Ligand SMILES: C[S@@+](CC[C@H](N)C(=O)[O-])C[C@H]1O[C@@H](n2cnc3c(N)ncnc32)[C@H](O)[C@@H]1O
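Only one chain is included here, represented as structure tokens and corresponding to the form deposited without the named molecule.
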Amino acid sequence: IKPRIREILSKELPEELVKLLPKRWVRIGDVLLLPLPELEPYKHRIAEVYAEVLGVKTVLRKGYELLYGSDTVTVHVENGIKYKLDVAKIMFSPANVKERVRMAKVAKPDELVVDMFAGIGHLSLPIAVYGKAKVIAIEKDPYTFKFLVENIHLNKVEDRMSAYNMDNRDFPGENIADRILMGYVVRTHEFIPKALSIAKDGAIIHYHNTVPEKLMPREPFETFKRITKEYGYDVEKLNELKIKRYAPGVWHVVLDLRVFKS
């Protein structure tokens, strides 16, 4: 359908700009995230034809800026999982699909999983649905929490998945988790002491973080290990995966770690 768009726009666009039309886009549910600056004078006209041919209700600009339509709430379906969200307000990357598919395959059904940064259920919904485990999901932001709650119902896991709207440091659970999800990328090490308190002896922690290239592969395991030992714990690294690289040269990585007392 890439030709069909150009065909419609080559009859109103400057002819030299037709070669400059986005050849890629991010589609989340029924909502489109369209990248482009020289196309600015036609952004609304442009988004309107992408929506007509693609069959979406709304289009936002990445650079979120409304370009076509009004409704930014949608349900994205991925690996059988329903993720309702406000696209304009809540971060979700269809590009991180591999890690949510991985989460679908990790847990056993007798596990208790604690998701410390649940969002709308990004990493914990595949666990509740496919892995069948019990899950406690903590999300601090009230608006994001409403979608988390709605997604628990949409995915039919209200019997095994509990959500709380609070800061993860006020979560009073101690020594209870078989598995912890730390899917936050901003100086995630600051939350390690709380993770260790929530964890049972032998628990697996999926620790996300952002790391400068130059410090790899030493970091971020070296910092995690040093903090863990300071608090009187030990840690074994089972796996490390890179998820995505960002300018200038920083990586979103996930580490699968096993923690032990004494």
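The first residue of the shown sequence is 1; numbering continues from there.
Another form, the form deposited with the named molecule bound, is not on view; read the next lines as being about it.
Note on the partner interface in the entry with it bound: the residue among 102, 160, 140, 76 having a heavy atom within 4.5 angstroms of the named molecule is 140. Put simply, of 88, 154, 176, 166 only one has a heavy atom within 4.5 Å of the named molecule in the entry with it bound, and it is 166. If you check the named molecule in the entry with it bound, you find no heavy atom from any of 197, 221 and 228 within 4.5 Å. The shortest heavy atom separation between residue 184 and the named molecule in the entry with it bound is within 4.5 Å. Contact annotation for residue 116: at least one heavy atom lies within 4.5 Å of the named molecule in the entry with it bound. Mapping the unseen interface onto this chain, residue 144 counts among the residues with a heavy atom inside 4.5 Å of the named molecule in the entry with it bound. Stretch 184 to 192 is the answer when you ask which of 184 to 192, 67 to 75, 125 to 133, 106 to 114 has residues with heavy atoms within 4.5 Å of the named molecule in the entry with it bound.
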